[PDB]
Every structure is written in C-alpha cells, then in structure tokens.
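Here's the structure we're looking at; comments come further down.
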Protein chains: 10
Amino acid sequence: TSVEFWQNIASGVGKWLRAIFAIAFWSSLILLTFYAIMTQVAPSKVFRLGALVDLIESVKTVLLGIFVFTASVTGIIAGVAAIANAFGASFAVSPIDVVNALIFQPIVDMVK
Amino acid sequence: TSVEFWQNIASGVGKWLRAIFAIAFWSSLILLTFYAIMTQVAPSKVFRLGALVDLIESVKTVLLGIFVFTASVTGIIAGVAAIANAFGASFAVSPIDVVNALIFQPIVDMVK
Amino acid sequence: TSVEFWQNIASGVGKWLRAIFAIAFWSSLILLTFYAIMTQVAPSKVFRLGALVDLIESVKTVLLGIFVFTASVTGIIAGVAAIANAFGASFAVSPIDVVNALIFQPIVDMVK
Amino acid sequence: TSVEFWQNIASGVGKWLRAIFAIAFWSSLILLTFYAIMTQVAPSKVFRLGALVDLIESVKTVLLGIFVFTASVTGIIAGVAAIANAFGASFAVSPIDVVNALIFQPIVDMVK
Amino acid sequence: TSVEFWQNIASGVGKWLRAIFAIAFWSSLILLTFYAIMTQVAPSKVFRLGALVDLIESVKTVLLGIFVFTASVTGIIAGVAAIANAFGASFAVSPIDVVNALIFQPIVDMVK
Amino acid sequence: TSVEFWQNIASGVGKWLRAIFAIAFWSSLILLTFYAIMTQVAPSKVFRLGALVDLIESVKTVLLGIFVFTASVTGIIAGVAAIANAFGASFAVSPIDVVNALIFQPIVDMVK
Amino acid sequence: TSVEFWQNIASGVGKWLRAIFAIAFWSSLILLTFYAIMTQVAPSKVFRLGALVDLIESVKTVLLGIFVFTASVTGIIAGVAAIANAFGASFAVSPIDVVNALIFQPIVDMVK
Amino acid sequence: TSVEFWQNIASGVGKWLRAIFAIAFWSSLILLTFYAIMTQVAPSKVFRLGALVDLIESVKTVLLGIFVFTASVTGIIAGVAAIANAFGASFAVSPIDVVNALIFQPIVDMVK
Amino acid sequence: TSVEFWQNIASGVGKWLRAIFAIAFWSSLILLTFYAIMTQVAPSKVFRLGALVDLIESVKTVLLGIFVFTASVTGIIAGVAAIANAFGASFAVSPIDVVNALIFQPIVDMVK
Amino acid sequence: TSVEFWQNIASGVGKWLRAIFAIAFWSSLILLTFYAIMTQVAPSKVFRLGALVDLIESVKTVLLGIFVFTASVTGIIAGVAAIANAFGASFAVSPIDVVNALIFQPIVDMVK
C-alpha cells in the first residue's frame, strides 16, 4: 500500500531474525555445555568418549555453519560490487559494514 | 513471540546448566571419596588395589573431561575471532571472560 | 457436500488424535518404566549403565518433543494474532485457551 | 480402531510392567540373600571376602537404580509442570501422586 | 494384457511372501537358539551375560515386530471399513478373516 | 528361488543347532567332571577349595542359562498366542509341544 | 564413445574387483590367524577368552557374508530367469556358471 | 594400484604371522620350562604346589587355544565347501592342505 | 553489446571456475587428511573404525566424481565430433586437448 | 572474491592440519608411554597385564591408521593418474612427492 509500511515490516523482521540468530549461537554454546556435563557424569568410559566425540562434532558444525554464512554474505555483496563493473556502474555499499552488521554485531552484545 | 522471552529462557537454562555442572564436578569429588573409603575398608588386598586403580581412573577421566571442555570453549571462541579476520570484520568479545565465566566461575563459589 | 459434515469429521479426527497423543505420552512413561526394570535386572554393570543412559535419553527426548510441540502451537497462534496487526484486523482467539486445550487438557485426565 | 481399546491395552501393559518391576526388586533382595549364604558357606576366606564385596556391589547398584528411576520420574513430571509455565498453561497433575503410584505402590504390597 | 494374468502373478507373489515370512519367524526362533548355545558355551561370565541380554533383545524385537505388523493390518482394514461409513457405502470384508490369513495362517502350519 | 529349498535349509540348520546344543550341555557336564578331578587331585587345600567354588559356579551358570532359554521360548510363544487375542485371531500352535521339542527333546536322547 | 571401450573398462574393473575380493577373503583368514596368536600369547585368561570369542565372531561373520553374497547372486540370476517366464521370453544364461565364476573361481586359485 | 602388489603384501604378512605364531608356541613351551624351574627351586612347599598348578594351567590353555584355532580353520573351510553345495557350485580347495599349511607347517620346522 | 565483451567475460568466468575446481579437489584431499587425524585420535575403537569407513567413502566419491566429469566432457566432445559425420561436416577440435585443459591442467600446477 | 584469497586460506588450513596430525602421532606415542608407566606401577598383576594388552592395542591401532591413511592417499593419486589414461590425458603429478609431503614430511621434523 505504501513504501514505509514495507520498510518497517522488513526492518522489524530483520532485527527479529538477527536477534534469534544470536540466541541460536548461544544455544549452540549451551549445547556444548550439556555435552560437557554428559561426559563429566556419564558412568561408563564409552559414554564419556562418545560425548567427547559429539562435543567435537557440535563445535565443528557450528564453526562450519558460521563460516558458510559469513562467506556467503561476503560473496553475494562482493559479487554485486564486481558486477557493477564491466558496465561502468558504481556500487558504493561498503561491504565490510554490512558483513559486520549482519553477522557479528548481534552476537557480540550478549552476556551469558 | 517476543525477544526478551527467548532471552530470559536462554539465560535461565544457562544458569541452571552451569549450576548442575558444578554439582557434577563436586559429585566426581565425592565419588573419589567413595573409592577412598572403599580402598580403606575393603578386606582383601586385591579389592583395595582395584579401588586404587579405579580411583586413579576417575581422577584421570575427570581431568580429561575438564580439559576437553575448556579446550573446546577456547577453540570455538578463538575460531570465530580468527574467522572474523580475512574479511575485515571486528569480533571484540574478550574470549578470556567467556571461557572464565562458562567454565570456572560456577565451580569456584562452592563449599563442600 | 455440506458444512456440518466436514465439521463433524474434523472434530472427530481431532479428538481421536489428541486421545492417541495422550496415550503416546503415557507410553513414553511406560517405556521409562521398562528401562527402569532393565537397569534393575541387567546382570552386568555395563548393561545397567547403558540402561541408565538410554533412560536419560528417553526422558530428554520426550521433554524436548513436548517443548517443541507447545512452542510451535504458541508460535503459530501468536504469529496469526500479530499478523492481524499492521492491517487493523482484530483476532480475538484467546491463544492461551487453545494452547491449553490442544496440549495439556487430554494429558491431565488420565490415570495409570 | 477405537479409543478404549488402546486405553485398555496401555493400562494392562502398565500394570504388568509395574508388577514385574516389584518382582525384580524382590529378586534383587533374594540375590542379596544368595550372596549372604555364599559368604556364609564359602570355605576359603578369600571367597567369603569376595562374596561380601559383591554383596555390597549389589546393594549399591539396586539403590542407585531405584534413585535414578524415581529421580527421572520426578524430573519428567516437574519439567512438564514447569514448561506449562512461561505460556500461561495450567498443568494440575499432582506429581506426588504419580511418582508414588508408579514407583512405591507396587513394591509395598508384597510379602516375602 | 489380461486380468487373470495379473491375478495369478499377485496371488503367486503373495503366497511366496507369506511363506518366506513364516520362514523368517522360525529363523528368528533359530537365532534365539543360537544365542542360547552361545550363553551356554561362552567361557567367561561376561560373554554369557551379554548373550542373555541380546537374547532378550531378540525376543523383544521379534515380539514388537509381530505386534506392529498385526496392528497395522488391523488398522488399515478397520480404517477402510470405517471410511465406508459417513458415505453410506457398505464394506463387508470380514477383517478378522484377512488379518488371520495374512498373519497367523502361514505361521501355524510349520514344524521345526 | 523356491519355497521347499528354504524349508530344507531351515530344517537342516535347526536340527544341526539343536544337536550341537545338546553336545554343549553334555560338554558343560564334562567340564563339571574336569573340575571334580581337579578338586580331587589338587595338592594344596586352597586349590581344591577354589575348584569346588568354580564347580558351583559352573553348575549355577548352566542352570541359569537353561532357565533363561526355556523361559524365553515360553515367553515368545505365549506372547504371540496372547497377541492373537484382542484382535479375534486364532493361534493354535500348542506352545507346550514346541517348548518341549526345541529344548528337551534333543537333550534326552543322549548317553554319556 | 564406442562399445568395446566400455566393454574393456567393465571387464577390467570386474577382474580387479574379484581379485581384491579373493584378497579380502584371505585377509579374513589372516585376521583369524592374528586372533589365534592373540589367544595363544595373551597373558591373562580373560584376554585369551575374549580372543576366542572374537575369533568365533570373525569366522561367523565371514561365513554369513559369503552366504549372503552367493545367495544374492543366485537370487538375482534366478529371478531374471523366472521373470523371463510368464512372457514367453527365453533366458538361457546358465546361472550355475555365473554364480561359480563370480564367487568361487577367484578364491580357489590362491595359495597362502 | 595393481594386483600383484596386494598379492605380495598379503603373502608377506601371512608368512610373518605364521612365523611369529610358531615363535609364540615355542614361547609357551619356554614358559612351561620357567614354571618347571620355579617349582624346582621354590623354597616353600606351597609355592612349588602353586607352580605345579599354574604349569598345568599353562599346558591346558595352550592345548585349548591350539584346538580352537585348528577347529575354527577346519570349520570355516568346510563351511564354505558345504555352502558351495545347494547351489551346484564346485569348491575344490582341498581343506586338508590349507589346514595343514596354516597350522602345523610353520610349527614343525623349528628346533629349540 | 560487443563480441569481445562476451568473450572476455566468458574467459574470466571459465578460468575462475577451473581454479576453484582445483581448490575443491585439494579441499577433498584436506578432508581426507581430517578424517585421517580423526581416526588417529578418536579414543574408542568404534569411532576410529567409522572414520576409516567414511575416509573410504570420501575417496570413493571423489574418484567417482572425477570419473563422471572427465567421461562427460569426453562424451560431449566425441558426440559432437561424430554428429559432424553423417552430414559431411568437418569438426577438427582435437578433443584430447580440450579434455586435458578443462580437467587436468588446473589441477596439476598446485602444491600443498 | 579472488583466487589467491582461496589459495591462501587452503594453504593455511592444510599446513595447520598436517602440523596437528604430527602432534596427534606424537600424542599417540605419549599415550604409549602412559600405558608403559601404568604397567610399570600398577600394583596387581592383572592390571599390569591389562595395561600391556591395551598398550599392544594402541600400537596396533596407530599402525593400522597410518597404513590406511597412506594407502588411501596413494590410492586416490594413482587412481586419478590411471583414469587420465583410456582418454589420452596426461597427469604428471609425481604421486611419490605428494604422498611423501602429505604423510611423512610433517612427522619427521619433530623432536620429543
């Protein structure tokens, strides 16, 4: 119906999504903690060993997911910036600012 | 539904998990004590010897579990900090503070 | 063919599904009991230990499933209620009543 | 096919399982008795000593199993009761009644 | 190409499948026997104990599989019979006859 | 490929397994005899005492294994017979005949 | 690109696979030998007993694998031969020759 | 990479394993000799008696291990030979030659 | 707009794609290395075994992918060359040069 | 974004992985040393015997893992080299250099 309506809805959903993404990262951390208490308390050696293995699995998968997310954001922004070339068009969007704000800004300002 | 709802639930579950993790560490200590009384009271020499061996087993496994937990936390935090590089992004999260608060802060403030 | 026909079929299948869901929850409880007798009777220590571990696995998975179900119901109802906004539409559905009736009402009125 | 069919089958299997669980507990008691006669009759001192040790092993493992069972039942019921909160839902199930009926009611009414 | 061709092929494959299903049930029985001789001959106590545990595992899994099969057959036949209702259609198929012939008829007429 | 092929292979392996099971039982008997000659010839008192203890161990473990085997066979056959109920299905398999033929028939017809 | 090219590549990979399969069978034999020396040299009785048990495990699993392989080959060839029927088609492939050449021909011509 | 490479590696490891197995058998013999000198020199009667008992233990365990090894080799070879039947396949491997070469050929050609 | 514009863009994207394909192959190699360290460090035997299995999985899938890629390139080039026939048209493109340059040229000139 | 960026990241992760792999091998050596001190200090004979057995287990598993790693690397490189054939393509990669640099070069230059 009107432009600022869509602007407001997009901004709201964006902030909600980045907030819940930070919550998701810290939930991965708490799941790391849960596997820690599991390997601390599990009676048999084999269960503690399996808890250590899946702890390493969780840390590796969270790191890989973060890597893919940041790499994809940088890739899309740099691809659009480069595709502005070969045509003469100027794309001054400062990719570092957007890749910082979308990825690491919501994460940092949290205390557990 | 709302952001602070998820924030509160995550904070509550985090504090509960760290508290029960400290309880778990001190339960490992009391299990050490139980093996101590076992090797103190076991009539035959062989049973006292086995109690000593599994006492050493328990101390080694608790130390290894603590090592894996702290190493994994430091590894994930430092990996995200380093992956902030090569892209120009800034990740000022003070990894020492989080590795202290998640690992050793709940443990220290307990008296048995 | 006619409206009340579909109304009746939907109501019947809904009541059947909630009844069998309560049966499912209490079957999870009886499976907990089965693991209890397993760890009570299993001759070797290792089998009792594994029964304890999978008992904890069962309780954690049933709790997680209940959490996801209730959270999803609350999320859909609150999302529709909020999407009634930004347009002026009124959605007076009392989400608490529906999340109670769909989730906890069938469960409570059962005795094992 | 029909609701009361599943209700009857679940009730029957539940009563059978709790009865056999009480039988299991009293079988642990009779195994205690068997180790008692073993340490009473075993000719060499070492065999009587080992019978005493495994008698203590049996009593400790039965006590630990009972503890884990009752703690898990209380934990699941209290977790569902608490998860009824933060949403406004009411869960009036009287956890004490169910933890009594599932755990200690079948055990008490037996004479050996 | 022609109706009785498909009728014959379906009947043949059906009889072959039910015969091999009865063979499968009696092979589960012989596997029970193999675990019996294992726990009878295994030198160490721990191996006999594990053979007893996996013997119980095998009997429980065969019983659960038979239960799921018969329950699914009864469920599909009764569901089609009930779905004949609410429309006025008549479905006189005698579900007991089919659930007997598909499940227990091939099994009974075998001697090991 | 064909039904009677599988029938013949199953019957052959079944008879072989029951024959070797009877051989296993009588080998348990000969091991009892070996412990008897050990406690008869062992020079020191302690070795004769230990031979008596492990003789009792062998007899108790063979009796327990036989008990578990026969109880499991009776349990599976009676469970299938009872699960034929609640559905109307008839399961006329004469459980006593099968529990006799699988358990005690191969054992009896042997002379040592 | 051309027919005999694919013919040659398929023949080469087939001969390589059957040769390495024969190598695999004889490696199972050498693993049997390794468990033999383990149970011959293992100092404690329990380790020799476990080596005997896993030796039996290895022989049973190799025999079961060979059985499944030969049964599957015979089953596929006989199924295609039978499916040539009911349509009038002739399938003169001599299943015995192929089941011999694929299974036992590479194995026999080896000396360890 | 190539067939004769795997052939050579398998042959080499096989010869090494059979040689060390013969060394193991003769080491069992030298351990018999060590128990002989122990019972010859042990001052107290009880220690000589215990040395005699564990000497008998060693001879019985070496004989049992050799029996299990040769029986397992004969069993696997005869099982594959018999499983060649019921399918028409020919398995001309001369089981006696392989059971001789794998078991007794390395042992005989040694002088202590 | 102009021919050499499209020529330049196609050449640039082609070189970028072949470079990242070589990077992908060497990343498959480093993933092989990661599974190697996993099976080297994994505490329990089962985890090392699974790491070996998925290591073999990775090598087989990389080899199959390379095979499909090179076979598809050769197939398309040879198909166009052959379709030049039956019409009299000449297609002198030297398929070996293109299948070398597109497949193996980017891979070889890399050092890890 | 750019080629040398991916080149640098791949080279860095490769060197890090090979360094930590060498660390892993020497950690296997130190674990061998730990089992050595265990069997040196363990009071009862049975514990020293078990330490010897698991010492042999550790050496065998490290040797098997190294074998699988080097064999897989040689296999993939030789498979790609051979698949360069049958198409005319040239693959001059010197497999010996890569199998040396990826496997043994990081290991050798370490002093413990």
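We label chains A, B, ... in the order they appear in the structure tokens, count residues from 1 in each chain, and number ligands from 1 in the order shown.
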
**Prompt:** Can you list, as a ChimeraX atom specification, every protein, DNA or RNA residue that comes within 8 Å of range 58-69 of chain D when you count only C-alpha atoms, leaving out same-chain residues fewer than 2 positions away?
**Reply:** /C:33,36,39-40,52 /D:25,28,32,54-56,71-73

**Request:** May I have all residues of chain B that DSSP, computed from the backbone, assigns to alpha helix (DSSP H), given as a PyMOL selection string?
**Result:** chain B and resi 3-41+45-83+95-103+105-108

**range 18-24 of chain E environment, 7 Å, only C-alpha atoms, sequence neighbours closer than 4 positions dropped, as a PyMOL selection string** = chain E and resi 14+28+106-107

Taking N, CA and C atoms for each residue, export the selection above as a compact mmCIF listing (two decimals), in the first residue's frame.
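Dumped everything to again20.txt:
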```
# COMPACT_ATOMS: atom_id res chain seq x y z
N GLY E 14 2.09 -63.18 -3.45
CA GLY E 14 1.56 -63.14 -2.10
C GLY E 14 1.86 -64.41 -1.32
N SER E 28 14.05 -66.37 13.24
CA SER E 28 14.21 -65.65 14.49
C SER E 28 14.27 -66.62 15.66
N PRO E 106 -0.01 -68.70 7.71
CA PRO E 106 1.26 -69.29 7.26
C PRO E 106 2.15 -69.76 8.39
N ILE E 107 2.08 -69.10 9.55
CA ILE E 107 3.00 -69.42 10.64
C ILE E 107 2.65 -70.76 11.27
```

**Asked** Got a sec to pull out which chain C residues are within 8 Å of chain E, counting only C-alpha atoms, and send them as a PyMOL selection string?
**Response** chain C and resi 42-44

Keeping N, CA, C and O atoms for every residue in the selection just given, could you write it to a file as a short mmCIF file (atom, residue, chain, number, x, y, z; two decimals), in the first residue's frame?
```
data_model
loop_
_atom_site.label_atom_id
_atom_site.label_comp_id
_atom_site.auth_asym_id
_atom_site.auth_seq_id
_atom_site.Cartn_x
_atom_site.Cartn_y
_atom_site.Cartn_z
N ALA C 42 19.41 -56.03 34.83
CA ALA C 42 20.53 -56.37 33.95
C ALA C 42 21.70 -56.89 34.77
O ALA C 42 22.12 -56.22 35.73
N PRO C 43 22.24 -58.06 34.45
CA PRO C 43 23.25 -58.68 35.33
C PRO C 43 24.55 -57.89 35.40
O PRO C 43 24.99 -57.51 36.49
N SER C 44 25.16 -57.62 34.26
CA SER C 44 26.43 -56.92 34.25
C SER C 44 26.23 -55.44 34.55
O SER C 44 25.17 -54.86 34.30
#
```

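CA of residue 103 in chain A to CA of residue 90 in chain B spans 10.3 Å [interatomic distance, one decimal].
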
Give me the residues within 8 Å of residue 74 in chain A as an mmCIF file with N, CA and C atoms, in the first residue's frame, counting only C-alpha atoms and dropping any in the same chain fewer than 5 places off.
```
data_model
loop_
_atom_site.group_PDB
_atom_site.id
_atom_site.type_symbol
_atom_site.label_atom_id
_atom_site.label_comp_id
_atom_site.auth_asym_id
_atom_site.auth_seq_id
_atom_site.Cartn_x
_atom_site.Cartn_y
_atom_site.Cartn_z
ATOM 1 N N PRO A 95 31.030 -3.118 1.667
ATOM 2 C CA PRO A 95 30.650 -4.490 2.048
ATOM 3 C C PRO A 95 31.066 -4.873 3.456
ATOM 4 N N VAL A 99 28.620 -6.815 6.151
ATOM 5 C CA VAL A 99 29.003 -8.138 6.633
ATOM 6 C C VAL A 99 29.276 -8.115 8.132
ATOM 7 N N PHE B 87 38.295 -11.144 6.399
ATOM 8 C CA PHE B 87 37.143 -10.421 5.887
ATOM 9 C C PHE B 87 37.096 -8.974 6.349
#
```

**Request:** Record the distance separating CA of residue 78 in chain I and CA of residue 101 in chain I, expressed in Å with one decimal.
**Result:**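 Distance reported for this atom pair: 15.6 Å.
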
**Asked** Expressed in Å to a single decimal, how great is the separation between CA of residue 31 in chain F and CA of residue 15 in chain F?
**Response** 24.2 Å

**Asked** Which residues come within 9 Å of residue 93 in chain A, counting only C-alpha atoms, excluding same-chain residues fewer than 5 positions away, as an NGL selection string?
**Response** :A and (77 or 81 or 98)
